[PDB]
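model.csv, holding CSV, C-alpha atoms:
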```csv
chain,number,residue,atom,x,y,z
A,16,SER,CA,-23.8,-19.2,7.8
A,17,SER,CA,-27.6,-18.5,8.4
A,18,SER,CA,-27.5,-17.4,12.0
A,19,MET,CA,-29.3,-20.7,12.5
A,20,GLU,CA,-26.6,-22.7,10.8
A,21,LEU,CA,-24.1,-20.8,12.9
A,22,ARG,CA,-26.1,-21.0,16.2
A,23,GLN,CA,-26.8,-24.7,15.8
A,24,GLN,CA,-23.1,-25.2,15.8
A,25,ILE,CA,-22.3,-23.7,19.3
A,26,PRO,CA,-22.9,-26.7,21.7
A,27,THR,CA,-24.7,-24.7,24.4
A,28,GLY,CA,-24.6,-26.8,27.5
A,29,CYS,CA,-21.3,-28.7,26.8
A,30,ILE,CA,-18.8,-28.5,29.6
A,31,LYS,CA,-15.4,-28.2,27.9
A,32,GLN,CA,-11.9,-27.3,29.2
A,33,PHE,CA,-9.3,-25.1,27.7
A,34,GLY,CA,-6.6,-27.7,27.2
A,35,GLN,CA,-4.8,-30.4,29.0
A,36,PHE,CA,-3.7,-27.6,31.5
A,37,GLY,CA,-6.8,-25.3,31.3
A,38,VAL,CA,-9.7,-24.8,33.6
A,39,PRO,CA,-13.2,-26.2,32.7
A,40,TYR,CA,-15.9,-24.0,31.3
A,41,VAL,CA,-19.6,-24.3,30.3
A,42,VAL,CA,-20.8,-23.3,26.8
A,43,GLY,CA,-23.4,-20.5,26.7
A,44,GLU,CA,-25.2,-19.1,23.8
A,45,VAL,CA,-24.2,-16.5,21.1
A,46,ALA,CA,-22.5,-13.3,22.0
A,47,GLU,CA,-21.7,-11.7,18.6
A,48,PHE,CA,-21.3,-12.7,15.0
A,49,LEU,CA,-17.7,-11.6,14.1
A,50,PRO,CA,-17.1,-10.9,10.4
A,51,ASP,CA,-14.0,-13.1,10.6
A,52,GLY,CA,-16.7,-15.8,10.0
A,53,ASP,CA,-16.8,-17.4,13.5
A,54,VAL,CA,-18.7,-16.3,16.5
A,55,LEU,CA,-18.2,-15.0,20.0
A,56,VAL,CA,-19.8,-17.5,22.4
A,57,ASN,CA,-20.8,-16.5,25.9
A,58,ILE,CA,-19.1,-18.8,28.4
A,59,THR,CA,-18.9,-19.2,32.2
A,60,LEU,CA,-15.9,-20.7,33.8
A,61,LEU,CA,-17.1,-23.6,35.9
A,62,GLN,CA,-14.9,-23.5,39.0
A,63,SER,CA,-14.8,-19.7,39.4
A,64,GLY,CA,-18.2,-18.7,38.1
A,65,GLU,CA,-16.7,-15.9,36.0
A,66,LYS,CA,-18.5,-15.2,32.8
A,67,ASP,CA,-16.3,-14.8,29.7
A,68,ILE,CA,-16.3,-14.8,25.9
A,69,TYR,CA,-14.7,-17.2,23.4
A,70,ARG,CA,-14.3,-17.8,19.7
A,71,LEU,CA,-16.4,-20.7,18.5
A,72,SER,CA,-13.5,-21.8,16.2
A,73,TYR,CA,-11.3,-22.2,19.3
A,74,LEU,CA,-14.3,-23.7,21.3
A,75,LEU,CA,-15.1,-26.6,18.9
A,76,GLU,CA,-11.5,-27.9,19.3
A,77,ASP,CA,-11.0,-27.9,23.1
A,78,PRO,CA,-11.8,-31.3,24.7
A,79,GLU,CA,-14.6,-32.3,27.0
A,80,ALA,CA,-14.0,-31.6,30.7
A,81,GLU,CA,-12.9,-34.8,32.4
B,1,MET,CA,5.1,-25.2,50.5
B,2,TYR,CA,4.4,-22.4,47.9
B,3,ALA,CA,1.5,-22.0,45.6
B,4,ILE,CA,0.8,-19.9,42.6
B,5,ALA,CA,-2.8,-19.4,41.7
B,6,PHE,CA,-4.1,-17.4,38.7
B,7,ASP,CA,-7.0,-16.7,36.3
B,8,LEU,CA,-6.8,-15.6,32.6
B,9,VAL,CA,-9.3,-13.4,30.8
B,10,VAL,CA,-10.5,-15.6,28.0
B,11,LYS,CA,-11.6,-12.8,25.6
B,12,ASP,CA,-8.3,-11.1,26.2
B,13,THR,CA,-6.2,-14.2,26.0
B,14,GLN,CA,-7.5,-15.3,22.6
B,15,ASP,CA,-7.0,-11.7,21.2
B,16,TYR,CA,-3.4,-11.5,22.5
B,17,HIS,CA,-2.0,-15.0,22.6
B,18,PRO,CA,-0.5,-16.0,19.2
B,19,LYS,CA,-2.2,-19.4,19.2
B,20,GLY,CA,-5.2,-20.4,21.3
B,21,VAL,CA,-6.4,-20.0,24.9
B,22,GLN,CA,-5.6,-23.8,25.1
B,23,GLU,CA,-2.1,-22.7,24.2
B,24,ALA,CA,-2.0,-20.0,26.9
B,25,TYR,CA,-2.8,-22.5,29.7
B,26,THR,CA,-0.4,-25.1,28.3
B,27,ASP,CA,2.3,-22.4,28.0
B,28,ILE,CA,2.1,-21.3,31.6
B,29,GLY,CA,2.3,-24.9,33.0
B,30,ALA,CA,5.6,-25.3,31.1
B,31,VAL,CA,7.1,-22.1,32.5
B,32,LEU,CA,6.0,-23.1,36.0
B,33,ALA,CA,7.5,-26.5,35.3
B,34,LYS,CA,10.9,-24.9,34.9
B,35,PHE,CA,10.8,-23.9,38.6
B,36,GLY,CA,9.2,-27.0,40.3
B,37,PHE,CA,5.6,-25.9,40.3
B,38,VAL,CA,3.3,-28.8,39.3
B,39,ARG,CA,-0.3,-28.2,38.3
B,40,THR,CA,-2.6,-29.3,41.1
B,41,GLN,CA,-5.9,-27.3,40.4
B,42,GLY,CA,-5.4,-25.9,36.9
B,43,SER,CA,-5.6,-22.5,38.5
B,44,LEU,CA,-3.3,-23.6,41.5
B,45,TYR,CA,0.3,-24.7,41.0
B,46,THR,CA,2.4,-26.0,44.0
B,47,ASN,CA,6.1,-26.5,44.5
B,48,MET,CA,6.9,-27.5,48.1
B,49,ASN,CA,10.2,-25.6,47.8
B,50,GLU,CA,9.9,-22.5,50.1
B,51,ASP,CA,12.8,-20.8,48.5
B,52,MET,CA,11.5,-17.3,47.6
B,53,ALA,CA,14.2,-16.7,44.9
B,54,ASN,CA,12.6,-19.6,43.0
B,55,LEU,CA,9.1,-18.0,43.0
B,56,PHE,CA,10.8,-14.7,42.1
B,57,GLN,CA,12.5,-16.1,39.0
B,58,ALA,CA,9.4,-18.1,38.1
B,59,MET,CA,7.3,-14.9,38.3
B,60,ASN,CA,9.9,-13.1,36.2
B,61,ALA,CA,9.8,-15.9,33.7
B,62,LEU,CA,6.0,-15.5,33.6
B,63,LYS,CA,6.3,-11.8,32.9
B,64,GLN,CA,8.4,-12.6,29.9
B,65,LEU,CA,5.3,-13.9,28.0
B,66,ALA,CA,4.2,-10.9,26.0
B,67,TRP,CA,0.5,-11.7,26.3
B,68,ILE,CA,0.3,-12.2,30.1
B,69,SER,CA,0.4,-8.4,30.7
B,70,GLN,CA,-2.7,-8.0,28.5
B,71,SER,CA,-4.6,-11.2,29.4
B,72,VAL,CA,-4.3,-12.3,33.1
B,73,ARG,CA,-7.3,-11.6,35.3
B,74,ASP,CA,-5.5,-12.2,38.5
B,75,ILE,CA,-2.4,-14.0,39.9
B,76,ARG,CA,-1.4,-14.7,43.5
B,77,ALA,CA,1.2,-16.5,45.5
B,78,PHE,CA,0.7,-17.9,49.0
B,79,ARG,CA,2.6,-20.0,51.4
B,80,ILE,CA,0.6,-23.2,52.3
B,81,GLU,CA,0.9,-25.3,55.4
B,82,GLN,CA,-1.0,-28.3,56.7
B,83,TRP,CA,-1.8,-29.6,53.2
B,84,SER,CA,-4.6,-32.2,53.7
B,85,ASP,CA,-6.4,-34.5,51.2
B,86,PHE,CA,-9.9,-35.8,52.0
B,87,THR,CA,-11.0,-39.3,50.9
B,88,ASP,CA,-13.7,-40.1,53.5
B,89,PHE,CA,-16.1,-40.4,50.6
B,90,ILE,CA,-17.3,-44.0,50.5
C,1,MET,CA,-6.9,-18.5,57.0
C,2,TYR,CA,-7.9,-22.0,55.9
C,3,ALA,CA,-8.8,-22.9,52.3
C,4,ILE,CA,-10.7,-25.8,50.7
C,5,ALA,CA,-10.1,-26.7,47.0
C,6,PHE,CA,-12.1,-29.4,45.1
C,7,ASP,CA,-12.6,-31.0,41.7
C,8,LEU,CA,-15.6,-33.1,40.5
C,9,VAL,CA,-15.6,-35.9,37.9
C,10,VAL,CA,-17.9,-34.4,35.3
C,11,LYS,CA,-19.5,-37.5,33.8
C,12,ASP,CA,-20.0,-39.0,37.2
C,13,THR,CA,-21.6,-35.9,38.6
C,14,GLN,CA,-24.0,-35.6,35.7
C,15,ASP,CA,-25.2,-39.1,36.5
C,16,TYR,CA,-25.6,-38.9,40.2
C,17,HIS,CA,-26.4,-35.2,40.9
C,18,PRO,CA,-30.2,-34.8,40.5
C,19,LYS,CA,-29.8,-31.5,38.5
C,20,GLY,CA,-26.3,-31.3,37.0
C,21,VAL,CA,-22.7,-30.4,37.4
C,22,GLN,CA,-23.1,-26.6,37.7
C,23,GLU,CA,-25.6,-27.2,40.6
C,24,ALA,CA,-23.3,-29.8,42.2
C,25,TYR,CA,-20.7,-27.0,42.3
C,26,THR,CA,-23.2,-24.6,43.7
C,27,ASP,CA,-24.7,-27.1,46.2
C,28,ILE,CA,-21.2,-28.0,47.6
C,29,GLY,CA,-20.6,-24.2,48.0
C,30,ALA,CA,-23.9,-23.9,49.9
C,31,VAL,CA,-22.7,-26.3,52.6
C,32,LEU,CA,-19.2,-24.8,52.9
C,33,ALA,CA,-20.9,-21.4,53.3
C,34,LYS,CA,-22.7,-22.8,56.3
C,35,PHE,CA,-19.3,-23.0,58.0
C,36,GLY,CA,-18.0,-19.6,56.9
C,37,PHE,CA,-16.0,-21.0,54.0
C,38,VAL,CA,-16.6,-18.6,51.1
C,39,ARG,CA,-15.1,-18.3,47.6
C,40,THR,CA,-13.7,-14.8,46.9
C,41,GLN,CA,-10.9,-15.5,44.5
C,42,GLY,CA,-12.0,-18.2,42.1
C,43,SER,CA,-11.8,-21.9,42.9
C,44,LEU,CA,-10.6,-21.5,46.5
C,45,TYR,CA,-13.1,-21.4,49.4
C,46,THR,CA,-11.6,-19.6,52.3
C,47,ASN,CA,-12.7,-19.0,55.9
C,48,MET,CA,-10.0,-17.2,58.0
C,49,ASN,CA,-11.3,-18.7,61.2
C,50,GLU,CA,-8.6,-21.3,61.5
C,51,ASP,CA,-10.6,-23.6,63.9
C,52,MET,CA,-9.8,-27.2,62.8
C,53,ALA,CA,-12.9,-28.3,64.6
C,54,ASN,CA,-15.0,-26.1,62.3
C,55,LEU,CA,-13.3,-27.4,59.2
C,56,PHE,CA,-14.1,-30.9,60.3
C,57,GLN,CA,-17.7,-30.1,60.9
C,58,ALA,CA,-17.9,-29.0,57.3
C,59,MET,CA,-16.3,-32.1,55.9
C,60,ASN,CA,-18.7,-33.9,58.1
C,61,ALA,CA,-21.6,-31.8,56.6
C,62,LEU,CA,-20.3,-32.5,53.2
C,63,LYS,CA,-20.6,-36.3,53.3
C,64,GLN,CA,-24.3,-35.7,54.1
C,65,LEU,CA,-24.6,-35.2,50.3
C,66,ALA,CA,-26.0,-38.2,48.5
C,67,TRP,CA,-24.2,-37.7,45.2
C,68,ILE,CA,-20.9,-36.3,46.6
C,69,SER,CA,-19.2,-39.7,47.2
C,70,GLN,CA,-19.6,-41.0,43.7
C,71,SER,CA,-19.1,-37.7,41.9
C,72,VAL,CA,-16.0,-36.1,43.6
C,73,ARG,CA,-12.5,-36.1,42.0
C,74,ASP,CA,-10.5,-34.3,44.7
C,75,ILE,CA,-11.0,-32.2,47.8
C,76,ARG,CA,-8.3,-30.7,49.9
C,77,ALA,CA,-8.1,-28.3,52.8
C,78,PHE,CA,-4.9,-26.5,53.8
C,79,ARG,CA,-3.7,-23.3,55.5
C,80,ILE,CA,-2.8,-20.1,53.7
C,81,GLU,CA,-0.2,-18.8,56.2
C,82,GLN,CA,0.5,-15.7,54.0
C,83,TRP,CA,-0.2,-14.6,50.5
C,84,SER,CA,0.6,-11.8,48.1
C,85,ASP,CA,-1.0,-10.4,44.9
C,86,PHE,CA,0.7,-9.8,41.5
C,87,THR,CA,-0.1,-6.8,39.3
C,88,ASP,CA,3.5,-6.3,38.3
C,89,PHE,CA,2.6,-8.0,35.0
C,90,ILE,CA,0.2,-5.2,34.0
C,91,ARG,CA,3.6,-3.5,34.5
```
If you took the structure in this file and wrote it as structure tokens, what would it be?
Amino acid sequence: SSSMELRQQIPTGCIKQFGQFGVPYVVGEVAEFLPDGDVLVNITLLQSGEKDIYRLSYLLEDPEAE
Amino acid sequence: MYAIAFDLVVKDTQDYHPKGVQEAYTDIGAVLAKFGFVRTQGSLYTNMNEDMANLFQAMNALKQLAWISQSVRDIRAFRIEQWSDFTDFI
Amino acid sequence: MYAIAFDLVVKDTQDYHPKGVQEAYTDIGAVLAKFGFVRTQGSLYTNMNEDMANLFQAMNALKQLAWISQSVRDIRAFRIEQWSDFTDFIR
């Protein structure tokens, strides 16, 4: 919880995917530091090019895009 | 052949879905499984049954999810002919 | 209206594409755009000029990519004979 210790946890560059049935996305950098504790990560959906925003707590649990 | 194609808003889906966004995408496939639509692109589900009253009930089943109304970016149906796979990649 | 849909194996594309997966997506789209196929709703590249000969010229152009063969999961073309949009969920 240092704003480094948080940031060095978002795997910027990883190409993950929302579930077994979700679309793949690419992990951006920080968007906001929510007081819940976790962080809003900037994200761009790979196959549509849409940019979006995602909780890091959710992010770290999705699998790698296959 | 019929297709359903859709996109969720990820910020909206996480806020509104009870469980994750993972859960949203997995939920939808299961509803669309009730009416013959298999996942073929993650954002494109196909059924090969051109009955419209199937689509209709499938769409109505999808509108039953309370979070869809607040979290979908876009959702489309279309009627697909001349489905064609390419494998001249050697 | 014709549509092209495609998926790439992500590990394989990272190996063989000289830059990366997000450029392999963009670079494939560059080709398809040379044949009027353009993505407007996410993930589907559509043309609306239903000339089968043009679609084939694009698949032909596509194999001209060094890394495509070893880094493509799926690619499919098909016809969208009719479509309709859904905003009855926003209700």
**Q.** Distance in Å - atom CA of residue B:50 versus atom CA of residue C:80
**A.**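 One can read the atom CA of residue B:50 to atom CA of residue C:80 distance as 13.4 Å.
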Q.
Using only C-alpha atoms, list the residues that have an atom at most 9 Å from (-8.1, -7.0, 33.2), coordinates as in the file, as an NGL selection string.
A. (:B and (8-9 or 12 or 69-74)) or (:C and (90))
Kindly export the residues of the current selection with C-alpha atoms, as a PDB file, keeping the file's coordinate frame.
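New file selection12.pdb:
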```
ATOM      1  CA  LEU B   8      -6.800 -15.600  32.600  1.00  0.00           C
ATOM      2  CA  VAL B   9      -9.300 -13.400  30.800  1.00  0.00           C
ATOM      3  CA  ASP B  12      -8.300 -11.100  26.200  1.00  0.00           C
ATOM      4  CA  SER B  69       0.400  -8.400  30.700  1.00  0.00           C
ATOM      5  CA  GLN B  70      -2.700  -8.000  28.500  1.00  0.00           C
ATOM      6  CA  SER B  71      -4.600 -11.200  29.400  1.00  0.00           C
ATOM      7  CA  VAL B  72      -4.300 -12.300  33.100  1.00  0.00           C
ATOM      8  CA  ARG B  73      -7.300 -11.600  35.300  1.00  0.00           C
ATOM      9  CA  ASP B  74      -5.500 -12.200  38.500  1.00  0.00           C
TER      10      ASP B  74
ATOM     11  CA  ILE C  90       0.200  -5.200  34.000  1.00  0.00           C
TER      12      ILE C  90
END
```
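The interatomic distance for the pair atom CA of residue A:34 and atom CA of residue C:85 works out to 25.4 Å.
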Q: Counting all atoms listed in the file, select every polymer residue within 12 Å of (2.9, -22.1, 37.0) as defined in the file's coordinates, and provide the selection as a ChimeraX atom specification.
A: /A:36-37 /B:2-7,24-47,54-63,75-77
Just C-alpha atoms for this one: save the residues we selected as a short mmCIF file (atom, residue, chain, number, x, y, z; two decimals), in the frame of the given file.
```cif
data_model
loop_
_atom_site.label_atom_id
_atom_site.label_comp_id
_atom_site.auth_asym_id
_atom_site.auth_seq_id
_atom_site.Cartn_x
_atom_site.Cartn_y
_atom_site.Cartn_z
CA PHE A 36 -3.70 -27.60 31.50
CA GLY A 37 -6.80 -25.30 31.30
CA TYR B 2 4.40 -22.40 47.90
CA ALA B 3 1.50 -22.00 45.60
CA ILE B 4 0.80 -19.90 42.60
CA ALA B 5 -2.80 -19.40 41.70
CA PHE B 6 -4.10 -17.40 38.70
CA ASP B 7 -7.00 -16.70 36.30
CA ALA B 24 -2.00 -20.00 26.90
CA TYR B 25 -2.80 -22.50 29.70
CA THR B 26 -0.40 -25.10 28.30
CA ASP B 27 2.30 -22.40 28.00
CA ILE B 28 2.10 -21.30 31.60
CA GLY B 29 2.30 -24.90 33.00
CA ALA B 30 5.60 -25.30 31.10
CA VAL B 31 7.10 -22.10 32.50
CA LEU B 32 6.00 -23.10 36.00
CA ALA B 33 7.50 -26.50 35.30
CA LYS B 34 10.90 -24.90 34.90
CA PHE B 35 10.80 -23.90 38.60
CA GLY B 36 9.20 -27.00 40.30
CA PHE B 37 5.60 -25.90 40.30
CA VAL B 38 3.30 -28.80 39.30
CA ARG B 39 -0.30 -28.20 38.30
CA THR B 40 -2.60 -29.30 41.10
CA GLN B 41 -5.90 -27.30 40.40
CA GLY B 42 -5.40 -25.90 36.90
CA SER B 43 -5.60 -22.50 38.50
CA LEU B 44 -3.30 -23.60 41.50
CA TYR B 45 0.30 -24.70 41.00
CA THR B 46 2.40 -26.00 44.00
CA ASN B 47 6.10 -26.50 44.50
CA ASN B 54 12.60 -19.60 43.00
CA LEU B 55 9.10 -18.00 43.00
CA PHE B 56 10.80 -14.70 42.10
CA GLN B 57 12.50 -16.10 39.00
CA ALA B 58 9.40 -18.10 38.10
CA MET B 59 7.30 -14.90 38.30
CA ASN B 60 9.90 -13.10 36.20
CA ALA B 61 9.80 -15.90 33.70
CA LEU B 62 6.00 -15.50 33.60
CA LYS B 63 6.30 -11.80 32.90
CA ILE B 75 -2.40 -14.00 39.90
CA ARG B 76 -1.40 -14.70 43.50
CA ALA B 77 1.20 -16.50 45.50
#
```
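Checking C:91, C:35, C:14, C:71 one by one against residue C:51, counting only C-alpha atoms, you find the shortest gap at C:35.
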(Q) With only C-alpha atoms as the counted atoms, please give the residues lying no more than 9 Å from residue C:47, apart from itself and same-chain residues fewer than 3 positions off, as a ChimeraX atom specification. (A) /C:1-4,33,35-39,50
Near-residue C:26 list (12 Å; all atoms listed in the file; drop same-chain fewer than 2 positions) as a CSV table (one decimal) with C-alpha atoms, in the frame of the given file:
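Output contents, as saved in selection-v6.csv:
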```csv
chain,number,residue,atom,x,y,z
A,61,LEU,CA,-17.1,-23.6,35.9
A,62,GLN,CA,-14.9,-23.5,39.0
A,63,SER,CA,-14.8,-19.7,39.4
A,64,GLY,CA,-18.2,-18.7,38.1
C,8,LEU,CA,-15.6,-33.1,40.5
C,17,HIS,CA,-26.4,-35.2,40.9
C,19,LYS,CA,-29.8,-31.5,38.5
C,20,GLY,CA,-26.3,-31.3,37.0
C,21,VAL,CA,-22.7,-30.4,37.4
C,22,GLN,CA,-23.1,-26.6,37.7
C,23,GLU,CA,-25.6,-27.2,40.6
C,24,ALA,CA,-23.3,-29.8,42.2
C,28,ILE,CA,-21.2,-28.0,47.6
C,29,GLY,CA,-20.6,-24.2,48.0
C,30,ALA,CA,-23.9,-23.9,49.9
C,31,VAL,CA,-22.7,-26.3,52.6
C,32,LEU,CA,-19.2,-24.8,52.9
C,33,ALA,CA,-20.9,-21.4,53.3
C,38,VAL,CA,-16.6,-18.6,51.1
C,39,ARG,CA,-15.1,-18.3,47.6
C,43,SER,CA,-11.8,-21.9,42.9
```
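Between atom CA of residue A:71 and atom CA of residue A:49 there is a distance of 10.2 Å.
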Sorted per-residue table, chain A near chain C, closest atoms and distance, 10 Å, only C-alpha atoms, as a Markdown table:
```
| residue | atom | partner | partner_atom | distance |
| --- | --- | --- | --- | --- |
| A:30 | CA | C:10 | CA | 8.3 |
| A:31 | CA | C:10 | CA | 10.0 |
| A:38 | CA | C:43 | CA | 10.0 |
| A:39 | CA | C:10 | CA | 9.8 |
| A:40 | CA | C:22 | CA | 10.0 |
| A:41 | CA | C:22 | CA | 8.5 |
| A:60 | CA | C:42 | CA | 9.5 |
| A:61 | CA | C:22 | CA | 6.9 |
| A:62 | CA | C:43 | CA | 5.2 |
| A:63 | CA | C:42 | CA | 4.2 |
| A:64 | CA | C:42 | CA | 7.4 |
| A:65 | CA | C:42 | CA | 8.0 |
| A:79 | CA | C:10 | CA | 9.2 |
| A:80 | CA | C:10 | CA | 6.6 |
| A:81 | CA | C:10 | CA | 5.8 |
```
Would you output that residue set with C-alpha atoms, as an mmCIF file, keeping the file's coordinate frame?
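What ended up in again-v1.cif:
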```
data_model
loop_
_atom_site.group_PDB
_atom_site.id
_atom_site.type_symbol
_atom_site.label_atom_id
_atom_site.label_comp_id
_atom_site.auth_asym_id
_atom_site.auth_seq_id
_atom_site.Cartn_x
_atom_site.Cartn_y
_atom_site.Cartn_z
ATOM 1 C CA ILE A 30 -18.800 -28.500 29.600
ATOM 2 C CA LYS A 31 -15.400 -28.200 27.900
ATOM 3 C CA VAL A 38 -9.700 -24.800 33.600
ATOM 4 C CA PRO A 39 -13.200 -26.200 32.700
ATOM 5 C CA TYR A 40 -15.900 -24.000 31.300
ATOM 6 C CA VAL A 41 -19.600 -24.300 30.300
ATOM 7 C CA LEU A 60 -15.900 -20.700 33.800
ATOM 8 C CA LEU A 61 -17.100 -23.600 35.900
ATOM 9 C CA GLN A 62 -14.900 -23.500 39.000
ATOM 10 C CA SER A 63 -14.800 -19.700 39.400
ATOM 11 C CA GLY A 64 -18.200 -18.700 38.100
ATOM 12 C CA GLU A 65 -16.700 -15.900 36.000
ATOM 13 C CA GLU A 79 -14.600 -32.300 27.000
ATOM 14 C CA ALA A 80 -14.000 -31.600 30.700
ATOM 15 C CA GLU A 81 -12.900 -34.800 32.400
#
```
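Of the residues under consideration (B:16, B:1, B:11, B:80), B:11 shows the shortest atom-to-atom contact distance to chain A when counting only C-alpha atoms.
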Q) Out of B:49, B:64, B:87, B:14, which residue has the shortest atom-to-atom distance to chain A when counting only C-alpha atoms? A)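 Under the stated criterion, the closest residue is B:14.
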Q.
So, with only C-alpha atoms as the atoms that count, which of B:83, B:23, B:88, B:18 lies closest to chain C?
A.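 The closest residue to chain C is B:83.
Taking all atoms listed in the file into account, residue A:56 lies nearest to A:44 out of the set A:35, A:18, A:72, A:44.
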If you take only C-alpha atoms and a cut-off of 6 Å, which residues of chain C touch chain B, and what are their nearest atom pairs and distances in Å to one decimal, in chain and number order, as JSON lines?
```
{"residue": "C:69", "atom": "CA", "partner": "B:89", "partner_atom": "CA", "distance": 4.7}
{"residue": "C:75", "atom": "CA", "partner": "B:86", "partner_atom": "CA", "distance": 5.6}
{"residue": "C:76", "atom": "CA", "partner": "B:85", "partner_atom": "CA", "distance": 4.4}
{"residue": "C:77", "atom": "CA", "partner": "B:84", "partner_atom": "CA", "distance": 5.3}
{"residue": "C:78", "atom": "CA", "partner": "B:83", "partner_atom": "CA", "distance": 4.4}
{"residue": "C:79", "atom": "CA", "partner": "B:81", "partner_atom": "CA", "distance": 5.0}
{"residue": "C:80", "atom": "CA", "partner": "B:80", "partner_atom": "CA", "distance": 4.8}
{"residue": "C:81", "atom": "CA", "partner": "B:79", "partner_atom": "CA", "distance": 5.7}
{"residue": "C:82", "atom": "CA", "partner": "B:79", "partner_atom": "CA", "distance": 5.4}
{"residue": "C:83", "atom": "CA", "partner": "B:78", "partner_atom": "CA", "distance": 3.7}
{"residue": "C:84", "atom": "CA", "partner": "B:77", "partner_atom": "CA", "distance": 5.4}
{"residue": "C:85", "atom": "CA", "partner": "B:76", "partner_atom": "CA", "distance": 4.5}
{"residue": "C:86", "atom": "CA", "partner": "B:75", "partner_atom": "CA", "distance": 5.5}
{"residue": "C:89", "atom": "CA", "partner": "B:69", "partner_atom": "CA", "distance": 4.8}
{"residue": "C:90", "atom": "CA", "partner": "B:69", "partner_atom": "CA", "distance": 4.6}
```
Q. Pick the closest to chain B from A:43, A:51, A:33, A:66: which is it, counting all atoms listed in the file?
A. A:33
